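This report refers to the structure that appears directly beneath it.
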Ligand SMILES: [Mg+2]
Ligand SMILES: [Mg+2]
Ligand SMILES: [Zn+2]
Ligand SMILES: [Zn+2]
C-alpha cells in the first residue's frame, strides 16, 4: 500500500504538499494533480495518519485504500463541482475545524472518525445540481452509497469497531450527512445560535459540551460549515471553486456571501472566538468585488 | 411616462449611468439600484431610445412601460441569478454585440427588435436551477410567458407591426430564446464554427449574410453569447454575477471558463475579428486564479 494509498510518479511533491494538511489554506487542487487525480484517497490517508486513526481503530491500511479508491470512484468526475475533489476539500476542512483550539479534547476519537467519514462520503454519486419524497432524498442516497461500499471485499474499514461503536458512528454519520442538506440550513443555524448564547467554557478557554445532544448539534454544524467553507478560503482557491460551481450550474435580498455564508460563519466564529476570525477576514476580503 | 419608464428619486444619476448603455462595461448593478430596482424596464427603454425603435415601429411609450413593468414583475426577485437583472444584462449585452463593427448594416430593424425582445424575456418566470418532455420545456415556458403578457391591457408593444412582421419576429424570437437552452450549446457552437470557416466579408470589412438561414444562426449564437457573457465582463462585475449564481446553486475535464465560455467566445471572436479581442483579453484575465 502506497504512502497515501495512491500510486503516483510525483509522490515526492505530493508528500510536501500534504505537509499543509493541517492548514486552512491547503492547495487541494495541487494535491489532486500530484495524486494522479485521486485527492480524496490521498487526503483521507494524510488526515487519518496525522490523527493516528488507523492504529486507534485498527483500520487495515490496505482495507482503507481499497474502500477509498472505490468511494472516490463513485463520485462523478464529469460533475464539475460535486466530485471527489469537493469531498476531499470538505474532509480536510472538517479536519482543521475539529482541531480548533476552542474544541480541544471535546470530541471522542469515534466522533472525530464519524465526522471525517461523513465528510468523505457526504456527496458520493451526486449527479449534478441540474440532474438532482422531500426528506433529504439525495443526502440519504449519499449515505446509502457510502455505506454499501463498506460491504465490498476488503472494504470494511470499521471491521474492528464494536457493535456498540458501529451503531453510534452510523447514527452520527447519518446526522452529519443529512446536515449538509441546504433545506436544513435555516434550522441548523438557529440551533447553532442557541449553542452560542448558552455557551460554556472552562478556565482553559475550551468549550464545554458534556451532553451528547449538544455535541451532535455542534458536529452537524461543523460539517455543514466545512461544506460551505469555499468563501473562507484564499481568493485563488475560492475562484477555482466558483468556476467549478458555475460549470455544474450550466451543465445541460440576494447573494451567496451576504445571505448564506456570512450569517453561518459569523455564528460559528462566535462559538469559537477568537479561533475563526481569520476566516471572517478572508470572507470579508472575498466579498470586496472591487478589491 | 418617466424618461426610462421607471419612477425614481435619483433619476439624475440613473441617466448618467445609462450613458454607458453602449458600453460592454456598463454597471448594471448600479442601474438596478438607481432605477428603484427596475433594471430591465430602464435598460430596455434606454436601448430602444438609443436605437430609435419606438419611432421605427410606432411603439407607444406608455405601452412599452406597462409591458416591461409587467414583464419585469414576472421574473422572481427571490431567485438569485435568474431574475430581471440577468435579463437586463443579457439585453444590454445583446445590444452591444449587435453594434459590433463587423455586423454593421447586416441586420434589419425587425431582426434587431426580435433579438432585444428575446433577450428581455429569455428567462422570465424562471424558478431557479434547483427548482427547474425533453425539448426545451423551460425555454418554451419563458416564451409562453413573454408572449402572453403582450395580451394584457395596453401591453401589445407590437400592435403597429404588420401580420407579416409579427409572424417573422415571433419565429425569430422563438429561435433565439430556444438557443439559450444549454442542451443546444454544442450544436450551436458547431454551426457557428461553420459560419466562421465559410465567412465572407465586404471590402469595408463587414460580414456578408445575404441568406436568412445564415442570419438566424448568427443571431441565435449572438443571444447565446450574451447569455454567457458574464466571464467577459470586468472582474468586479463577474464576481457579483458569480456570487448570485452560487446563491441560486445552493438555494434549497472541468471548468466553466475553460470548457464552456472559452470555446464559444473564441469562435465568436473569429467571426468578428478584431472586434471582440478585448472580451477574450478580459476572459483571460478572469481565468488567472492567482492574478
Ligand atoms: Mg451535498
Ligand atoms: Mg435560460
Ligand atoms: Zn457538499
Ligand atoms: Zn439566461
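Don't worry about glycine lacking a Cβ; one is built from the backbone with ideal geometry, like all the others, and counts go over all protein chains shown. FYI, it's all coordinate maths here, none of it is from the lab.
Quick one: is residue B:141 in a helix (DSSP H, G or I), over 30 Å from residue B:30 (Cβ atoms) and either within 16 Å of ligand 2 (Cβ to nearest atom) or more than 14 Å from chain A (Cβ to nearest Cβ) (or both)? Yes; evaluated as a whole, the condition is true for this residue.
Let's see how each residue does on (1) under 30 Å from residue B:264 (Cβ atoms); (2) more than 19 Å from the chain's Cα centre (by Cα); (3) within 14 Å of ligand 2 (Cβ to nearest atom):
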position	(1), (2), (3)
B:146	yes, no, yes
B:154	no, yes, no
B:166	no, yes, no
B:175	yes, no, no
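Screening the stretch B:8-21 for residues that are part of a loop (DSSP other than H, G, I, E, B) and exposed (fewer than 15 other Cβ atoms within 10 Å of the Cβ) and picking the one that is nearest to the chain's Cα centre (by Cα) gives B:10.
Given the condition crowded, with 16+ Cβ neighbours inside 10 Å and within 14 Å of chain B (Cβ to nearest Cβ), answer yes or no: does some residue in the stretch A:168-175 qualify? I'd like the intermediate steps shown before the answer.
Let us first name the residues in the stretch A:168-175 that are crowded, with 16+ Cβ neighbours inside 10 Å, namely A:168-170, A:172-175.
Of the ones still in play, those that are also within 14 Å of chain B (Cβ to nearest Cβ) are none.
No.
Within the stretch A:254-275, how many residues turn out to be more than 19 Å from residue A:201 (Cα to Cα) and outside any helix (DSSP H, G or I)? Residues flagged as more than 19 Å from residue A:201 (Cα to Cα) and outside any helix (DSSP H, G or I) within the stretch A:254-275 amount to 2.
Considering only residues in the stretch A:96-131 that are surrounded by 16 or more Cβ atoms within 10 Å (Cβ to Cβ), away from chain B (no Cβ under 14 Å) and over 21 Å from residue A:171 (Cβ atoms), the one that is farthest from ligand 4 (Cβ to nearest atom) turns out to be A:102. If you check residue A:86 against the conditions, is it out of contact with any helix residue (DSSP H, G or I) (no Cβ under 6 Å at 6 or more places or on another chain), part of a loop (DSSP other than H, G, I, E, B) and within 14 Å of chain B (Cβ to nearest Cβ)? Considered against the rule, which asks whether it is out of contact with any helix residue (DSSP H, G or I) (no Cβ under 6 Å at 6 or more places or on another chain), part of a loop (DSSP other than H, G, I, E, B) and within 14 Å of chain B (Cβ to nearest Cβ), residue A:86 comes out as no. When the stretch A:115-133 is filtered for residues that are more than 8 Å from the chain's Cα centre (by Cα), more than 16 Å from ligand 2 (Cβ to nearest atom) and outside any loop (DSSP other than H, G, I, E, B), the ones remaining, listed by number, are A:117, A:121, A:131. When residue B:77 is tested against (1) surrounded by fewer than 24 Cβ atoms within 10 Å (Cβ to Cβ); (2) within 15 Å of ligand 2 (Cβ to nearest atom); (3) within 14 Å of another protein chain (Cβ to nearest Cβ), only condition (2) is not met.
Counting residues in the stretch B:37-50 that are within 22 Å of residue B:245 (Cβ to Cβ), over 14 Å from the mean Cα position of the chain (by Cα) and either within 16 Å of ligand 1 (Cβ to nearest atom) or in a helix (DSSP H, G or I) (or both) gives zero.
Report whether or not residue B:56 is more than 14 Å from chain A (Cβ to nearest Cβ) and more than 16 Å from ligand 4 (Cβ to nearest atom).
So residue B:56 fits the description; yes.
Count of the stretch A:144-189 residues, restricted to those that are away from ligand 3 (no atom under 16 Å from the Cβ) and either more than 30 Å from residue B:131 (Cβ to Cβ) or not in a helix (DSSP H, G or I) (or both), is 24.
Residues to consider are A:278, A:243; find the one that is surrounded by fewer than 21 Cβ atoms within 10 Å (Cβ to Cβ) and assigned to a helix (DSSP H, G or I).
Details: A:243 fails: surrounded by fewer than 21 Cβ atoms within 10 Å (Cβ to Cβ).
Result: A:278 is the single residue among A:278, A:243 that is surrounded by fewer than 21 Cβ atoms within 10 Å (Cβ to Cβ) and assigned to a helix (DSSP H, G or I).
Output the number of residues of the stretch A:210-240 satisfying the condition of being within 14 Å of chain B (Cβ to nearest Cβ) and either over 25 Å from residue A:178 (Cβ atoms) or surrounded by fewer than 19 Cβ atoms within 10 Å (Cβ to Cβ) (or both).
Residues meeting the conditions: 7.
Among the numbered conditions (1) within 14 Å of chain A (Cβ to nearest Cβ); (2) not in a helix (DSSP H, G or I), the only one that residue B:248 does not meet is (2). Going by the structure shown, is residue B:62 part of a loop (DSSP other than H, G, I, E, B) and surrounded by fewer than 21 Cβ atoms within 10 Å (Cβ to Cβ)? When the stated conditions are applied, residue B:62 does not pass them. Is it the case, given these coordinates, that residue A:270 is surrounded by fewer than 15 Cβ atoms within 10 Å (Cβ to Cβ), out of contact with any strand residue (DSSP E or B) (no Cβ under 7 Å at 6 or more places or on another chain) and over 24 Å from residue B:82 (Cβ atoms)? In short, no. Within this structure, residue B:134 passes the test of being within 14 Å of another protein chain (Cβ to nearest Cβ) and more than 14 Å from ligand 4 (Cβ to nearest atom).
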